[PDB]
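Some notes on the structure that comes next.
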Amino acid sequence: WXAXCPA
Amino acid sequence: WXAXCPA
Amino acid sequence: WXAXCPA
Amino acid sequence: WXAXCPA
Amino acid sequence: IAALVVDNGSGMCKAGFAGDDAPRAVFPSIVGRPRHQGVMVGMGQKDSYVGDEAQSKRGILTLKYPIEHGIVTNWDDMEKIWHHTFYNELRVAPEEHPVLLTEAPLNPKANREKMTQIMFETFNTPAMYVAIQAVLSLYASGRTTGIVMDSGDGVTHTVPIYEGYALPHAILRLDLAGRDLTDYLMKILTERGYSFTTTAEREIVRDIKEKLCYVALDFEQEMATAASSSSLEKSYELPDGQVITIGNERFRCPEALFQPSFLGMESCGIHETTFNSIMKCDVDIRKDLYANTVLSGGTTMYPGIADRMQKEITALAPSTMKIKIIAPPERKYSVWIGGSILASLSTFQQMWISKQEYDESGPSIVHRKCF
Amino acid sequence: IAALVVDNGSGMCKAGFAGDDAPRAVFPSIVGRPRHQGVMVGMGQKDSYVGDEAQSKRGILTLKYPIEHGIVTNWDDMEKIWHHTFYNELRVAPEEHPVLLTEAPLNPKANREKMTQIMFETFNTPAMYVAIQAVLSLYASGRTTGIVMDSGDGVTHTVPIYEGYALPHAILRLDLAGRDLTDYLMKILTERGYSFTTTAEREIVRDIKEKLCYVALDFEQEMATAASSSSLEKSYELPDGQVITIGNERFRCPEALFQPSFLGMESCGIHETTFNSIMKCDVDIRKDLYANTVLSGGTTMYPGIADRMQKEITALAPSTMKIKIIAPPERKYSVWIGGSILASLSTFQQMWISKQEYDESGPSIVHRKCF
Amino acid sequence: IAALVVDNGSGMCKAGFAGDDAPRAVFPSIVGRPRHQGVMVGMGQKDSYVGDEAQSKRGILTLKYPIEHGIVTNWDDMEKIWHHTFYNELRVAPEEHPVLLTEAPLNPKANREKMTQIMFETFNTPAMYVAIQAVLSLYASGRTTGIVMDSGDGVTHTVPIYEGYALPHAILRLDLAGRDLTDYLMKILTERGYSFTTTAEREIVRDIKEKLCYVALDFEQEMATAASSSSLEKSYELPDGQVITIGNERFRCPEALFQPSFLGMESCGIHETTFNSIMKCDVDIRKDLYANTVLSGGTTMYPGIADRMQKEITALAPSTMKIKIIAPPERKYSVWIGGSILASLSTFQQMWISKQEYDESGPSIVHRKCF
Amino acid sequence: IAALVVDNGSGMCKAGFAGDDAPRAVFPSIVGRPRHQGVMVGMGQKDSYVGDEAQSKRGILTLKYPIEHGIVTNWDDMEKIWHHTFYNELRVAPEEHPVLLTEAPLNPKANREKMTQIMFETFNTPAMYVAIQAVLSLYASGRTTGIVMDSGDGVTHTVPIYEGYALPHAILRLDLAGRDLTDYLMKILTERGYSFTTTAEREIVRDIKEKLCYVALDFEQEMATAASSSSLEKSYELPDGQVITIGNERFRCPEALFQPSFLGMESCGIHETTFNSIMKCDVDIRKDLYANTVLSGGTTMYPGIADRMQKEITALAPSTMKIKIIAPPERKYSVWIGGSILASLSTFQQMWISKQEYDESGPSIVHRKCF
Amino acid sequence: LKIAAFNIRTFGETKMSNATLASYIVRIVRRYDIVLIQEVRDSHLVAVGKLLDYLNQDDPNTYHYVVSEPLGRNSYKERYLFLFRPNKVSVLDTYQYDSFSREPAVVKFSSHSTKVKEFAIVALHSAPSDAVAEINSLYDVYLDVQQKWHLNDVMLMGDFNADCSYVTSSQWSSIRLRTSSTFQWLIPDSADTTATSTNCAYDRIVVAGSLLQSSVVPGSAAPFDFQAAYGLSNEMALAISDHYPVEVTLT
Amino acid sequence: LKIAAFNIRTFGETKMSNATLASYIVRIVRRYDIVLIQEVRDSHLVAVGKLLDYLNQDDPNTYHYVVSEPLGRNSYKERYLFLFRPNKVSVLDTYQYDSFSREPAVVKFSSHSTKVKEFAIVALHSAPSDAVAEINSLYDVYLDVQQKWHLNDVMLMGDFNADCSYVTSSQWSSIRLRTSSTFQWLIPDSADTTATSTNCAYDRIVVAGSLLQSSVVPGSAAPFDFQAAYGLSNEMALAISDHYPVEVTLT
Ligand SMILES: Nc1ncnc2c1ncn2[C@@H]1O[C@H](COP(=O)(O)OP(=O)(O)O)[C@@H](O)[C@H]1O
Ligand SMILES: [Mg+2]
Ligand SMILES: [Mg+2]
Ligand SMILES: [Mg+2]
Ligand SMILES: [Mg+2]
Ligand SMILES: [Mg+2]
Ligand SMILES: [Mg+2]
Ligand SMILES: [Mg+2]
């Protein structure tokens with residue numbers, strides 16, 4: 001992703 | 001209607 | 001609540 | 001260990 | 001020969017031919033438009049649903065009632081339902097044979113003018129006639145003398161008829177009816193602990209009202225009994241499988257018919273309106289109205305309404321009076337039966353308004369030859 | 001002497017003494033329990049945290065709101081909040097002086113019955129009274145006529161009052177509120193590329209809304225501005241040090257109040273609801289109601305909410321109408337301010353509900369001697 | 001002429017032609033670069049290995065998944081795997097016929113935008129379209145109503161559909177999936193006494209997951225048998241040559257879906273998410289949604305998953321309701337099969353996004369013309 | 001009744017009373033069997049030399065480490081190491097007072113299972129407890145929040161703890177440790193010209209590592225100074241009398257911790273595995289863990305290690321983050337020092353596994369009660 | 001330019017479990033800029049990556065790998081390896097065989113340092129029970145190289161399983177390489193090319209092309225006795241492999 | 001049965017770095033059943049492990065070792081290394097005696113081949129400065145072992161560093177060894193017991209006990225000139241040690 005999850 | 005009630 | 005909404 | 005590592 | 005008769009009342013609508021003893025096309029007058037996009041493209045679907053189609057799939061559609069308080073509001077939507085009943089339901093072209101229309105009294109002038117124009121222009125029907133719904137109820141019961149109690153979905157009205165000669169100075173129109181009763185049941189059911197705010201849930205409330213609600217002879221006494229006993233309680237099954245419990249709300253809602261102040265309406269109760277209507281008439285005929293009091297409309301189906309009706313009138317009326325309440329079965333469809341009998345009558349055939357009269361004089365003829 | 005006032009509700013709770021100019025005890029109404037096994041011996045930490053304790057350590061606890069949409073759902077966790085505010089925060093014994101409570105209009109009757117039982121059994125307070133959160137806002141603004149909009153965390157309600165005599169039939173309740181806005185902001189932020197899943201980050205989303213979100217005067221033209229510019233993008237600092245940039249979501253989130261179709265809610269918008277509430281009232285009083293429309297609640301703390309509503313009402317309302325929106329500062333604590341003033345009034349000493357009255361008639365007395 | 005249905009999910013990729021009943025090209029979505037410089041015999045410096053070639057030469061190559069929870073983190077590698085699946089496996093130039101892509105719902109908006117830009121420039125396909133993976137699952141079953149449970153390798157989501165109308169507010173996405181189960185199995189097997197840390201070793205663990213683990217009907221009941229019975233033990237052979245024994249570790253890994261607290265996720269179970277998905281919908285469509293539940297995704301091939309899910313939902317849902325879990329065979333390829341049916345439909349021809357539309361309106365056309 | 005706390009780890013083993021500030025019995029955990037039949041003057045360990053005695057005679061004996069990567073392999077050899085610890089070194093009967101043991105996280109169940117059996121059968125200790133090595137490190141530092149970096153001789157692991165709630169899913173374990181560094185230093189020295197093959201020579205290389213090796217922050221450039229200057233070259237004399245010179249090998253050996261690819265291990269570096277553990281934590285607890293980082297273990301007193309890791313982390317971490325590396329003096333006994341503090345605590349007494357509890361539930365209680 | 005053909009025995013992950021044995025192999029390979037490794041039973045290329053992990057640890061561009069497909073369906077899936085330094089020599093073109101259980105592989109290097117700029121290398125480890133076939137077979141294969149690549153000099157090694165009763169007097173003349181003067185044999189039968197004490201000249205270094213003959217250093221072609229050179233015993237020598245490296249020096 | 005004493009000059013890792021010298025020392029030690037080793041500079045027992053490895057490489061129980069903890073009073077500490085064949089003689093008991101830089105040790109031996117059954121071995125490498133002072137105390141040690149261990153025959157022999165100006169005629173009468181005829185001196189003084197050309201008889205042979213004096217074969221006490229016996233030169237012999245082994249035979 002870009003904040004929360006590792007992605 | 002046109003004044004009183006909602007119709 | 002008890003029926004409608006989740007509460 | 002018992003598989004992966006040597007121990 | 002054959003004549004179409006269609007009950008244009010709010011909520012449930014009735015249709016059929018002249019001479020039949022029961023309408024065939026009965027469906028709510030609701031129209032829904034989807035409020036979600038169609039992700040599935042397998043079928044083309046439709047942007048409008050009328051009649052049982054909207055009732056079958058009322059989960060997604062946004063229900064709207066074209067007829068409110070016995071008034072057509074959205075003429076664009078109002079014409080759509082007439083297409084559905086003529087073609088999809090009855091499979092009969094309006095041009096082949098005439099049609100009969102019904103409406104509530106004291107309607108605004110513009111309503112009659114545009115309703116006739118739609119018949120002449122869109123459906124090019126050779127001849128039609130608009131009649132007071134309460135007047136037709138007398139023909140259904142056979143008697144031509146008495147006071148009629150029509151309590152429809154939107155408007156409850158009274159009109160006295162004494163061997164004919166309908167009195168125009170004693171008609172009282174009350175906007176409290178079953179539609180506002182359901183809205184009142186909407187609020188009181190919140191107190192028990194259930195919410196039905198959305199429009200789709202609003203139709204569930206009407207089903208509960210038509211099944212469990214009943215009229216209590218003595219409102220104050222039943223309040224004490226219900227507050228200390230579960231005998232008055234009855235259960236119900238929602239579409240999703242949940243079970244609700246109804247207590248004093250079972251009979252509080254139908255009791256609002258006699259206490260409009262519970263709904264904030266300054267108007268007096270329907271029992272007092274019926275008493276007031278007779279008072280406006282001359283004393284010579286007042287004895288006749290008490291003997292013949294017929295009941296009509298869907299909101300008369302509550303059990304015990306006839307017994308409560310005669311109890312209140314007895315109080316206001318003097319002693320040694322013949323307080324007779326006539327509540328025949330099928331009175332919910334009594335207006336349709338009365339129209340069917342009237343259309344089958346041969347004398348009334350000369351009273352129709354024809355197309356040639358309309359073109360020569362315009363829509364204003366609805367107020368000279370049509371009553 | 002001085003009576004406690006507690007505007008118990010979803011989100012922040014305000015408690016304080018009578019006559020105080022501002023509540024001294026504000027804290028989120030959050031009860032959480034750990035979701036991991038204790039590993040440190042001698043830590044001394046308890047197994048339940050409320051108020052500021054849960055907020056500081058929200059990365060471990062599973063936060064749960066006892067109050068949802070205005071109805072208490074978990075009395076086990078709910079009672080802890082009341083025990084904490086009286087003892088750990090207010091540092092006062094509740095059994096010495098009366099306690100005043102507030103609740104939203106149109107609430108289940110079971111909610112009030114259990115609220116009374118807790119006061120008179122768990123805490124044994126000498127006197128208690130529950131008041132509508134809508135009527136308390138008038139006393140804060142020093143007015144007697146007008147409509148209020150106590151848009152809180154759980155429920156948005158409007159109650160028109162005309163020199164007293166609050167109309168029961170015109171009370172409108174809408175489930176849309178600040179808490180549901182956060183859930184929408186949770187979903188719409190996923191499109192940009194930020195994901196928040198657990199309850200711990202739900203509080204983070206709330207802080208973002210309180211610092212950046214605002215209401216645009218116009219909606220259609222506002223999206224065009226963000227399409228060809230970046231001036232509307234503001235940077236924010238996450239607790240972990242990461243930097244997040246908010247695009248057009250700054251104004252889209254508060255827009256769900258005026259267009260409930262964003263959340264799929266079929267009910268009308270917040271501006272349409274007030275118009276509906278006014279029309280239910282009589283015509284003779286509509287002139288006064290239009291002028292006096294005071295706001296309340298933290299959900300109306302967005303900048304520009306005053307001008308946007310005035311445009312919406314003015315277009316809906318007939319012209320040449322003095323449409324004034326009263327949104328004074330400190331209105332975030334409007335409900336508590338009125339309660340403090342009203343409790344200090346000498347007339348309130350007559351309609352207190354003492355423990356003797358509760359004993360003789362049970363919890364049902366709260367529906368008769370109290371509105 | 002035809003349509004290229006491509007499902008670039010995580011773990012595996014399916015490609016084929018429209019109208020076929022089964023994909024013709026299935027291979028792991030793994031791209032590897034040469035760790036050490038060198039050349040192949042009889043060939044040039046390939047510089048990249050995609051799919052089964054990568055696993056064959058995993059010793060001298062790195063292993064990296066371009067997809068993590070349905071998000072394209074790197075685009076240089078995604079360009080390679082698309083290049084491999086068009087020329088080296090399908091053996092057809094994409095410039096002749098349009099293609100169709102699939103994506104997870106609630107994905108970042110930047111993910112879809114780059115998909116359009118790459119394909120309309122690198123491959124220059126005449127037309128392109130993007131569809132939700134869950135929506136395409138319903139087409140394979142041939143139904144029009146019912147919720148869709150798409151538990152893929154990286155993302156698990158539910159998309160309730162009623163009569164072809166989606167409910168965007170009812171979409172719930174869970175990051176727990178098959179990949180997280182594989183990582184969880186490493187820690188569980190560590191307790192037994194086997195250590196797996198190598199990326200190439202991770203594939204061997206996944207092979208154990210697909211053949212031995214099963215979901216039981218109860219935790220405590222069956223785990224009691226495991227602690228006192230060797231019948232549940234099943235021997236497995238690693239490619240290295242050794243033989244291991246799996247006992248009670250067989251059932252804990254596939255059942256983490258129902259209790260996500262084992263991995264530390266605060267999100268509720270997969271059965272809870274499906275139950276919460278329906279509860280967000282309206283009351284009238286709950287009867288239909290409960291009856292039609294479609295299971296999809298690779299992580300749904302565990303034996304006994306249908307019975308466990310039905311048991312969990314039955315307890316939560318009210319009684320006297322026909323709960324049915326539809327788990328047909330060939331459900332692993334349900335997503336691709338639906339794409340072939342949708343592409344072959346003539347009605348879908350008016351939904352392709354052409355080059356003319358893309359050029360004038362820019363890459364952002366996929367947000368309005370497409371879902 | 002005291003509380004015996006013994007580290008029982010790889011390499012050096014610590015044993016001492018509870019409440020003491022420093023261990024008393026410190027000696028390598030090396031046991032050896034006499035390769036040669038002959039015995040010497042008044043010789044008492046004919047079965048096997050145990051402890052530092054085998055170190056003084058490693059030329060005749062053959063050295064075997066009972067602990068490899070933190071798991072017991074030779075249970076018969078372990079029974080000697082404890083018997084030597086309790087009797088000839090600590091000089092007390094273990095049956096008089098209970099003993100506390102430590103174990104690395106993510107250990108096979110068989111290691112803990114047989115640990116309970118030996119203590120309650122061979123030594124008949126009144127009670128026993130097992131504590132994670134990482135957890136006890138925080139107790140010595142006196143803090144309750146932060147991560148633990150225990151880099152021992154056989155295993156290196158990170159166990160983040162937040163306010164006494166350790167996170168099971170964030171525990172990471174790396175097999176590379178101090179023992180592997182010694183092997184790497186032996187291999188590079190062979191190319192230099194000095195070949196070491198015997199177990200005695202392996203020990204000598206370890207002594208060289210503990211005295212000369214150090215960590216350079218500018219490793220990518222230090223080898224230029226090493227290749228262009230002899231200042232970095234230091235000479236350490238060997239026991240045989242040959243003085244060897246260590247040049248660029250002085251700092252290359254400690255670099256294997258940050259670059260595991262030098263040893264062929266594909267796992268991430270020691271600086272990277274700390275960041276990965278934090279990345280698996282919650283967002284709101286991310287800020288606190290950065291401030292509190294505790295370094296422990298015997299492979300940590302390398303000069304300049306704190307500076308190198310602090311510089312490495314601040315590159316990966318977002319800016320404006322206070323990264324503090326807390327490295328208390330005398331960190332070689334942090335694991336044991338923390339054990340003494342926890343043992344002396346009165347609250348910890350209730351967590352001991354009494355002998356009576358072992359009898360009823362067997363050895364299976366070692367996981368029900370302990371971590 | 002030191003070129004050798006080292007016939008490792010059972011090259012796989014099994015020999016990678018030991019670390020000391022792999023250390024010696026690292027020492028051997030560094031001696032030769034171009035070295036041929038045969039009989040590598042690795043199938044997933046796990047073992048070959050371990051070499052380049054050690055060989056290229058000093059610098060990534062220190063060696064390059066040239067490996068063949070698992071053409072050896074017989075028992076183990078062995079593959080040939082062409083370990084060469086990239087900055088001494090560069091690979092230009094190569095192809096597989098185009099009669100053998102193990103198909104031969106041919107590569108071409110651009111040796112700028114030596115006088116021979118272009119040359120071809122043929123690697124072939126053969127079946128011990130079928131020695132007669134390939135040796136005459138590759139002679140026809142030699143002729144094809146001179147026209148499809150137009151290279152005059154072509155370099156031959158491999159494990160031909162020669163001598164030690166594998167080939168007799170009757171079939172010695174059957175070898176076209178012996179009859180033809182161009183394919184001179186550098187390795188005499190007297191030299192021992194196996195780690196065992198028994199004399200066995202299994203491998204045969206063959207140099208073809210007139211310009212190549214002047215390029216080879218006279219007397220340089222000799223088996224490598226890594227056992228004595230590194231001070232090792234017989235068991236550790238057999239632990240690595242049963243064969244001795246056979247080098248050649250190019251000037 | 002054969003007994004001999006060999007003093008190794010600075011026995012430490014510096015000596016077995018050479019391999020030729022390591023080959024030599026195995027030869028002499030195999031020639032006798034009981035060998036006495038002194039001047040063991042080894043501290044970590046590295047040397048003894050390698051030394052007996054060549055002795056037990058084939059049969060694990062050809063020789064058995066007894067080693068003393070370093071008893072050197074000064075910085076230089078030596079060990080009493082013993083090597084004996086278990087089949088011929090077995091160790092019964094050991095004793096470390098309580099005047100000397102390194103205190104002596106005594107052990108019991110069961111020699112079934114010889115007429116005597118139990119005899120006590122006393123070994124001591126004397127301090128060159130205090131050779132006269134320490135040898136007198138050995139008489140008390142001789143008095144020690146005859147009742148506490150109750151051995152009639154005790155064998156005392158080692159490097160006492162006598163003669164060559166270390167012990168003159170006046171100091172010869174000072175010691176009690178020559179005074180009492182119960183213990184008799186064997187190794188001739190004229191004979192040279194050192195690897196050097198100088199005739200220095202540093203090793204002294206002392207025999208006590210009536211039964212053991214009958215067991216010793218007359219004329220069997222003579223230095224072992226390994227320089228001449230093995231045909232080695234002087235500098236090769238000096239590398240092994242600066243002394244010559246002394247051997248006695250008991251029948
Ligand atoms: N069985 C029933 N019991 C009670 N009320 C009913 C029943 N059936 C219908 N109603 C009420 O009657 C209303 C309309 O009925 P009806 O009079 O037939 O329609 P219209 O108003 O068109 O004449 C509905 O709003 C409904 O609430
Ligand atoms: Mg009607
Ligand atoms: Mg509020
Ligand atoms: Mg998928
Ligand atoms: Mg340790
Ligand atoms: Mg071989
Ligand atoms: Mg030969
Ligand atoms: Mg002399």
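Residue numbers in this text run from 1 along the chain shown.
Header lists the method as electron microscopy, 3.8 Å.
Every residue, even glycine, has its Cβ placed from backbone N, Cα and C.
Annotated features in Swiss-Prot:
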type: MOD_RES; residues: E:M40; note: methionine (R)-sulfoxide
type: MOD_RES; residues: E:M43; note: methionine (R)-sulfoxide
type: MOD_RES; residues: E:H69; note: tele-methylhistidine
type: MOD_RES; residues: E:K80; note: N6-methyllysine
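Overlay of Swiss-Prot feature records on the structure.
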residue	record	Cβ neighbours (10 Å)
E:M40	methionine (R)-sulfoxide	19
E:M43	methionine (R)-sulfoxide	11
E:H69	tele-methylhistidine	23
E:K80	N6-methyllysine	14
Just name the modified residues among E:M40, E:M43, E:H69, E:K80 whose Cβ comes within less than 8 Å of a chain B Cβ; none is a fine answer.
E:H69
Pop the Cα-Cα gap between E:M43 (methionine (R)-sulfoxide) and E:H69 (tele-methylhistidine) into the table, whole Å please.
37
What Cα-Cα separation, expressed in whole Å, is found between E:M43 (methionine (R)-sulfoxide) and the residue listed as 'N6-methyllysine'?
22
E:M40 (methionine (R)-sulfoxide) and the residue listed as 'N6-methyllysine', Cα-Cα, nearest whole angstrom:
26
Among the modified residues E:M40, E:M43, E:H69, E:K80, which sit with their Cβ under 8 Å from a Cβ of chain G?
E:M40, E:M43
Taking ligand 3 as the reference and 6 angstroms as the Cβ limit (strictly under), which modified residues among E:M40, E:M43, E:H69, E:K80 are close?
none
